[PDB]
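Asks: Shown below is the structure under consideration.
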Ligand SMILES: *[C@@H]1O[C@H](CO)[C@@H](O[C@@H]2O[C@H](CO)[C@@H](O[C@@H]3O[C@H](CO[C@H]4O[C@H](CO[C@H]5O[C@H](CO)[C@@H](O)[C@H](O)[C@@H]5O)[C@@H](O)[C@H](O[C@H]5O[C@H](CO)[C@@H](O)[C@H](O)[C@@H]5O)[C@@H]4O)[C@@H](O)[C@H](O[C@H]4O[C@H](CO)[C@@H](O)[C@H](O)[C@@H]4O)[C@@H]3O)[C@H](O)[C@H]2NC(C)=O)[C@H](O)[C@H]1NC(C)=O
Ligand SMILES: *[C@@H]1O[C@H](CO)[C@@H](O[C@@H]2O[C@H](CO)[C@@H](O[C@@H]3O[C@H](CO[C@H]4O[C@H](CO[C@H]5O[C@H](CO)[C@@H](O)[C@H](O)[C@@H]5O)[C@@H](O)[C@H](O)[C@@H]4O)[C@@H](O)[C@H](O[C@H]4O[C@H](CO)[C@@H](O)[C@H](O)[C@@H]4O)[C@@H]3O)[C@H](O)[C@H]2NC(C)=O)[C@H](O)[C@H]1NC(C)=O
Ligand SMILES: *[C@@H]1O[C@H](CO)[C@@H](O[C@@H]2O[C@H](CO)[C@@H](O[C@@H]3O[C@H](CO[C@H]4O[C@H](CO)[C@@H](O)[C@H](O)[C@@H]4O)[C@@H](O)[C@H](O)[C@@H]3O)[C@H](O)[C@H]2NC(C)=O)[C@H](O)[C@H]1NC(C)=O
Ligand SMILES: *[C@@H]1O[C@H](CO)[C@@H](O[C@@H]2O[C@H](CO)[C@@H](O[C@@H]3O[C@H](CO)[C@@H](O)[C@H](O)[C@@H]3O)[C@H](O)[C@H]2NC(C)=O)[C@H](O)[C@H]1NC(C)=O
Ligand SMILES: *[C@@H]1O[C@H](CO)[C@@H](O[C@@H]2O[C@H](CO)[C@@H](O)[C@H](O)[C@H]2NC(C)=O)[C@H](O)[C@H]1NC(C)=O
Ligand SMILES: *[C@@H]1O[C@H](CO)[C@@H](O)[C@H](O)[C@H]1NC(C)=O
Ligand SMILES: *[C@@H]1O[C@H](CO)[C@@H](O)[C@H](O)[C@H]1NC(C)=O
Ligand SMILES: [Ca+2]
Ligand SMILES: [Ca+2]
Ligand SMILES: [Ca+2]
Ligand SMILES: [Ca+2]
Ligand SMILES: [Mn+2]
Ligand SMILES: [Mn+2]
Ligand SMILES: [Mn+2]
């Protein structure tokens, strides 16, 4: 609810390049600056003879909003022999998936084709480039001697990637073994050490891979999406992957152990061709240190109130337990054909309430099919089914692809050091990426005491040149959890006997202000103590109004001056949603 | 007595050489019994294979013009969907087309059948659907079929709008540009045009496609045999109307 939609950062790349097809963060060595990583897989590069090789751009947040290309590879197509090109980097879609861990940036080219070393083929084995600062290495675990469709020729390694917490890379290859799919995991120490620009098929000893199975499992697309998390309660991040065409297009999700590549748990879709497993994510949502599984089925069709089918997409929420089981619920999308569940980005604790939160995108929802991102908060019992914030697309669809706002996103990284994790949302159809900054959340506890409750018609006590008067005591306390100033300036308004509309007969007004309303600018400090203030209001005489039946409601209203509570970046805080309002009592 | 339109959608993929002669015996046989229960009979024809993009077809210069290479065999190149015959009364022209049909090829067992169904459904002009008639669409293939988001591997991420995209060659021109349609999209366009989709597959593919017919309203399933008069029993028992 606290994402700033008033002033978001708008980053752009070359037009027609699918800028924003893959997004991620960048946090290098020590306490340095932070960056946005954006993929543009259809981008023309300067590579000799390479048309639309694609690139990954490093955009700076600090200021100026300027993007700089990351040089992963400047060379053209290597030759196996004279007039015999070895590889085809044109239209390789480099930057279709970008994943970053600390000072490491991993980008891949799923449509990279490679010619066999035995004969003249053009097989899309896929390749990745890894950058650990200066050194840039190549990574093609499917570029092997296991050629042809029966092998890894159409593996398309790097279609999806992720990092574990123990410096292992997780790669998905949907085409391996006649499109059975395959997961490959290698230690980062081995990837760079065993790299050799003169060796096209490098064999890694600590490689973990899903070996080939029976022919019935062909055309399954194992590795279509990936995510990481601990599930067997040991400490080693395990491998989760969607298998959307398994079980006769029912879709499945396979879980493998992150140590010896063994199947741990299975999920199965409940509707044919719902693409159960298109997107997956793993994050602990209910504060139990057990990572939880989120499976998107963007093509899920539900039944409407009128009995007609409607494609809305579905995400299943499965809460991990120590007893090994899973508590699974299902979350249906809101808009028809929006493909709710196409992208799922763990956000961390977006609002710093003690429970992680998550975003789910419907890239083709909203007006003019521009795109919507839904924000969901966690709680003790799990994920809140109702969204607390709706991110709207602003960019209309020029002829061709729709804006696809939300199609890829990544969270759980605090890019402005404001104490709250932020969110990058890619929209490749309009070649754009947008940074939404989380606003600080102010929790306010307001109090209102009216003593006495019963006002006598003639109780003269407070000094006056003496009339029936009473004390109005209102207390105010505020706090926040993040990087916010100490001094929050409040402007508080009080209205006596509001129930009487403008034109009626009023019966209350303060003693010295001589006015039914009193304004007061209030500087209070969060965290210190509750600051309270008393003041005296009185009732009018009996002969001035015959209306002694209309109960006199004392109304107290309070607001904040955000401008003096804003940050150096102009990020204005925001109140918690269930209790921001004013309060009322009555005498 | 009531007008009826019947479009014949044949799969020209590689896995259909063993079933080709059964399909031609289905064409001529269907081009006979239709004139029985009705006089207002017009039938059409269309063929499909697969989207001509990697990884579904090899991208080597020889296997593009001849995807049956390395076997070796001569067959037609890989194409998404070709609208050959608009539905008309001339039924002997229908037979002359099915006879000359040759096999094509690709790599991955499921095909782009849904692309052909979507283009034949929405195009009420280039196919020529009557105002008030029974729009029947016979679907024939001996394997599975690709649906939405499967073209992401090929590099196609623009969804299918469910519109008429037939060029001057009467082919699916926006096949390498648009994704495959989903079952939701097909359901949304088979009712706007009111089309009854008959699935005619092989034994091993019925248990799959029958669950598809459960989702798609009005769509039924059928089995392919040497005596292909079985699928004819569907249509005759589909003229019940009422
Ligand atoms: C979650 O769900 C998923 C999906 O359901 C599930 O993952 C699958 O789990 C099933 C569990 O049964 C796995 O099925 C097993 O697969 C084994 C395959 O590995 C070996 O077997 C190959 C068998 O070849 C087949 O084809 C030939 C004809 O070509 C045929 O004759 C055979 O009978 C067989 O059908 C074998 O070829 C292969 O060997 C390779 O390497 C050698 C060199 O060493 C090379 O020469 C070969 O050419 C090949 O390249 C490989 O070693 C299979 O062995 C295993 O068999 C068991 O079951 C049968 C039937 O009950 C018994 O008779 C037999 O004795 C065994 O007990 C079994 O079928 C399937 O592979 C998984 N799929 C994956 C991992 O992708 C998860 O388990 C689920 N999760 C949980 C927690 O359950
Ligand atoms: C590939 O790796 C996987 C894991 O990385 C290996 O799977 C392991 O198999 C061994 C068996 O060889 C198991 O050890 C057994 O433990 C029993 C006691 O239970 C302990 O493990 C529990 C695991 O956690 C549970 O909960 C999670 C949910 O979070 C479940 O998913 C999981 O399945 C478990 O149910 C702990 O929670 C618990 O506290 C215990 O510590 C032992 O009883 C058992 O047998 C022993 O005793 C026998 C006689 O009593 C004796 O003969 C045996 O030799 C043995 O000593 C055995 O020790 C591991 O638990 C299991 N891993 C996991 C994570 O569960 C897999 O074997 C490996 N494959 C290869 C080829 O290397
Ligand atoms: C006629 O009007 C009179 C004035 O409007 C009424 O007199 C009021 O009587 C109530 C008791 O019912 C008093 O309330 C008490 O207040 C004490 C002391 O609180 C104060 O002290 C703390 C610090 O120690 C300070 O922080 C507070 O702000 C207060 O200043 C409480 O401890 C008691 O529990 C009790 O609630 C009022 O204080 C008193 N008014 C004044 C101005 O003194 C009188 O009751 C009316 N007659 C009627 C209605 O018949
Ligand atoms: C990346 O660069 C390539 C070229 O290296 C661009 O491909 C070019 O695309 C244009 C149209 O987008 C092609 O021109 C067309 O020619 C026809 C005539 O046949 C004309 O009628 C059209 O109006 C259009 O002008 C051009 O031939 C083609 N170039 C090559 C070498 O194939 C590509 O568009 C660039 N992409 C991005 C994102 O920058
Ligand atoms: C005090 O603030 C509250 C905010 O909670 C106001 O309540 C709103 O009342 C209007 C109409 O009376 C509704 O349309 C809004 O939906 C209410 N807000 C919420 C959050 O539900 C209340 O009106 C304010 N006090 C006065 C006197 O206006
Ligand atoms: C409080 O400050 C506001 C501006 O925020 C001003 O309009 C108002 O006059 C001030 N009130 C008093 C009592 O000084
Ligand atoms: C019948 O077809 C004619 C053109 O052939 C068209 O103008 C008319 O709208 C159609 N009627 C209905 C009910 O579709
Ligand atoms: Ca583990
Ligand atoms: Ca959990
Ligand atoms: Ca939270
Ligand atoms: Ca932040
Ligand atoms: Mn086929
Ligand atoms: Mn066959
Ligand atoms: Mn195919």
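FYI, residue positions are counted from 1 along the chain as it appears here.
Recorded method is X-ray crystallography, 3.5 Å.
Cβ atoms are placed via backbone N, Cα and C, with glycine included.
Sharing the feature lines straight out of Swiss-Prot:
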- B:11, B:13, B:15, B:111: Mg(2+) binding site (BINDING)
- B:15, B:18, B:19, B:142, B:226: Ca(2+) 1 binding site (BINDING)
- B:50, B:106, B:108, B:110, B:111: Ca(2+) 2 binding site (BINDING)
- B:68-B:75: disulfide bond (DISULFID)
- B:123-B:164: disulfide bond (DISULFID)
- B:131: N-linked glycosylation site (CARBOHYD)
Asks: Among all the protein chains here, how many other CB atoms are within 10 A of the CB of residue B:142 (Ca(2+) 1 binding site)?
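Replies: Residue B:142 (Ca(2+) 1 binding site) is surrounded by 22 other Cβ atoms within 10 Å.
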Asks: Near residue B:50 (Ca(2+) 2 binding site), which residues of its chain come within a Cβ-Cβ distance under 8 Å, counting only those 6 or more away in sequence?
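Replies: The list for residue B:50 (Ca(2+) 2 binding site) reads B:13, B:56, B:57, B:78, B:79, B:80, B:106, B:108, B:111, B:112, B:146, given in order along the sequence.
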Asks: By CA distance, which of the recorded positions (B:15, B:110, B:123, B:131) lies nearest to residue B:226 (Ca(2+) 1 binding site)?
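Replies: Result: the closest of the recorded positions to residue B:226 (Ca(2+) 1 binding site) is B:15.
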Asks: Are there recorded positions in B:19, B:108, B:110, B:131 whose CB lies under 8 Å from a CB of chain A, and which ones?
Replies: B:108, B:110
Asks: Which one is closest to residue B:15 (Mg(2+) binding site) in space, judged by CA to CA distance, out of the recorded positions B:75, B:123, B:142, B:164?
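Replies: Result: the closest of the recorded positions to residue B:15 (Mg(2+) binding site) is B:142.
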Asks: Fill in the CA-CA distance, residue B:164 (disulfide bond) to residue B:11 (Mg(2+) binding site), as an integer in Å.
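Replies: Here the two Cα atoms lie 20 Å apart.
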Asks: Within the chain of residue B:75 (disulfide bond), which residues six or more apart in sequence place their C-beta under 8 angstroms from its C-beta?
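Replies: For residue B:75 (disulfide bond), the qualifying residues are B:14, B:66, B:67, B:68, B:102, B:103, B:104, B:105.
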Asks: Excluding B:11, B:13, B:15, B:111, please set out which residues of the same chain place their CB within 8 Å of the center of the CB atoms of the Mg(2+) site, keeping sequence order.
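Replies: Near the Mg(2+) site, beyond B:11, B:13, B:15, B:111, sit B:12, B:14, B:16, B:48, B:49, B:50, B:106, B:113, B:141, B:142, B:143.
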Asks: Once the DSSP letters are reduced so that anything not helix or strand counts as coil, what is residue B:110 (Ca(2+) 2 binding site)?
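Replies: Where residue B:110 (Ca(2+) 2 binding site) sits, the three-state DSSP reduction gives coil.
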Asks: Cβ under 6 Å from ligand 12: which of the recorded positions B:18, B:75, B:106, B:111 qualify?
Replies: B:111
Asks: Same chain only, sequence gap of 6 or more: which residues have a CB within under 8 Å of the CB of residue B:11 (Mg(2+) binding site)?
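Replies: Expected: B:47, B:48, B:49, B:111, B:113, B:140, B:141, B:142, B:143.
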Asks: Residues near the Ca(2+) 2 site, B:50, B:106, B:108, B:110, B:111 excluded, by Cβ within 8 Å of the Cβ center?
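Replies: The surrounding set, listed in chain order, is B:13, B:49, B:56, B:107, B:109, B:112, B:143, B:146.
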Asks: Provide, as an integer number of angstrom, the distance between the C-alpha atoms of residue B:18 (Ca(2+) 1 binding site) and residue B:110 (Ca(2+) 2 binding site).
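Replies: Roughly 16 Å, rounded to the nearest whole number.
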